[PDB]
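For the sequence shown, the positions run 10 to 136 when the deposited numbering is used. All residues carry an ideal CB built from backbone N, CA and C; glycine is no exception. Let me begin by presenting the structure, written as structure tokens, before commenting on it.
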Amino acid sequence: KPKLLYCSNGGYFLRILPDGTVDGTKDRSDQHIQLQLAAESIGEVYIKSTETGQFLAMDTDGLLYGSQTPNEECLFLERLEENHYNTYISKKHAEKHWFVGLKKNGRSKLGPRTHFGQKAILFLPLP
Ligand SMILES: O=S(=O)(O)OC[C@H]1O[C@@](COS(=O)(=O)O)(O[C@H]2O[C@H](COS(=O)(=O)O)[C@@H](OS(=O)(=O)O)[C@H](OS(=O)(=O)O)[C@H]2OS(=O)(=O)O)[C@@H](OS(=O)(=O)O)[C@@H]1OS(=O)(=O)O
Numbered sequence: 010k011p012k013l014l015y016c017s018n019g020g021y022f023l024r025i026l027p028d029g030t031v032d033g034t035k036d037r038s039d040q041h042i043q044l045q046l047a048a049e050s051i052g053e054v055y056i057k058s059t060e061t062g063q064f065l066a067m068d069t070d071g072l073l074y075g076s077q078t079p080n081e082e083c084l085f086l087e088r089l090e091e092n093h094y095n096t097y098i099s100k101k102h103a104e105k106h107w108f109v110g111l112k113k114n115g116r117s118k119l120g121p122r123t124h125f126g127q128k129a130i131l132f133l134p135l136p
């Protein structure tokens, strides 16, 4: 079943738009925020648009984008927190510790600027 991913940062909702831009919006009633993430392995996720069909990917520059094709850059790893919010990692760029993050202006974040402890790094699934 669907889920909205609520970022603690500014109270936005991860949004994959059809062109492939990933940002957050605070208009919970929007078509593109509905997200469906399936576990493809032990603590390994795939978040994907319920509407457009595309995927959450992060290129080798740290920019999260929407991909048509599930490809090596679509597996983020889930990791529950102490406060019960998640934290998704790029699996291709784990080494680096590049996460999924939104800024307080909506602009998605760059993997090479996601540090453990940011309020950006935390997302919390809602129905
Ligand atoms: O463009 S911004 O809007 O982000 O304007 C701020 C630029 O400064 C950064 C520097 O990078 S950082 O060292 O990793 O922080 O971040 C600092 O300011 C932003 C601005 O907020 S805003 O909502 O984007 O307008 C804060 O970003 S955010 O994560 O809060 O959204 C940074 O906070 S934090 O690092 O994430 O905790 C803040 O730095 S700090 O809190 O003092 O450490 C760049 O934003 S950043 O990449 O998100 O950090 C901004 O330039 S950038 O092109 O947006 O990256």
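Own chain partners of residue i with C-beta closer than 6 Å, once the 5 adjacent residues on each side are dropped
i: residue 56; result: 44, 46, 65
Nearest-angstrom Cα separation, counted from residue j out to residue i
i: residue 125; j: residue 132; result: 13 Å
i: residue 12; j: residue 106; result: 25 Å
i: residue 83; j: residue 27; result: 16 Å
i: residue 48; j: residue 85; result: 10 Å
i: residue 97; j: residue 34; result: 19 Å
i: residue 115; j: residue 60; result: 20 Å
i: residue 90; j: residue 104; result: 20 Å
i: residue 38; j: residue 50; result: 31 Å
Spatial neighbours of residue i in its chain, beta-carbon cut-off 7 Å, leaving aside the 5 residues before and after
i: residue 113; result: 18, 19
i: residue 79; result: 55, 64
i: residue 101; result: 81, 82
i: residue 118; result: 110, 111, 112, 129
Residue i - partner residues in DSSP beta bridges
i: residue 30; result: 74
i: residue 134; result: 14
i: residue 23; result: 33
Residues near residue i by beta carbon distance below 8 Å, same chain, minus five either side
i: residue 94; result: 17, 131, 132, 133
i: residue 76; result: 29, 63, 64, 65, 66, 82, 83
i: residue 136; result: 10, 11, 12, 13
Local Cβ density within 10 Å of residue i, reported as buried at 16 or more and exposed below that
i: residue 128; result: exposed
i: residue 52; result: exposed
Output the residue ranges of the beta strand (DSSP E) runs that lie fully inside the region 45-100 and measure 3 residues or longer, sorted by chain position.
-> 53-58, 64-67, 73-76
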